[PDB]
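Worksheet: one structure, shown below.
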Amino acid sequence: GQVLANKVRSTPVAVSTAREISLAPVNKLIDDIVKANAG
Amino acid sequence: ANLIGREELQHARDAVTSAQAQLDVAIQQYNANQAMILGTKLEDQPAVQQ
């Protein structure tokens with residue numbers, strides 16, 4: 352007998368990472384803008 | 152040559168120093184005002200572009 356599942360797992364199912372954006376280029380743009388207006 | 156009191160020299164020197172300080176205040180005020188322009192044309196100013 353084992354009719355109802357009774358176990359857990361610490362691993363996800365169906366992970367999707369695309370559509371996660373990296374913010375480096377916008378940070379470079381922000382630094383460029385801040386440097387231009389300080390003199 | 153010791154033909155005037157020393158308090159007269161002290162006052163004159165202090166006057167020169169005080170005038171210098173006042174000029175510094177004025178110059179820094181003007182510089183503060185110029186921080187909002189940065190020598191750009193009228194259409195390049197942020198408010199107009201917004």
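Line by line, the protein sequences give chains B and A. With the entry's author numbering as the guide, the letters of the first sequence map in order to residues 352 to 390. With the entry's author numbering as the guide, the letters of the second sequence map in order to residues 152 to 201. Backbone N, C-alpha and C define an ideal beta-carbon position, used for all residues, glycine too.
Handout entry: Three-state class that DSSP yields for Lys386 of chain B in the structure shown
Key = helix
Exercise for the section: May I have the straight-line CA-CA distance separating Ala186 of chain A from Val366 of chain B, to the nearest angstrom? Expected result: One Cα belongs to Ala186 of chain A, the other to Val366 of chain B, and the distance between them is close to 50 Å.
Handout entry: Nearest-angstrom Cα separation, counted from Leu154 of chain A out to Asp165 of chain A
Key = 19 Å
Exercise for the section: Check whether the Cβ atoms of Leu193 of chain A and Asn388 of chain B sit closer than 9 Å, and answer yes or no. Expected result: no
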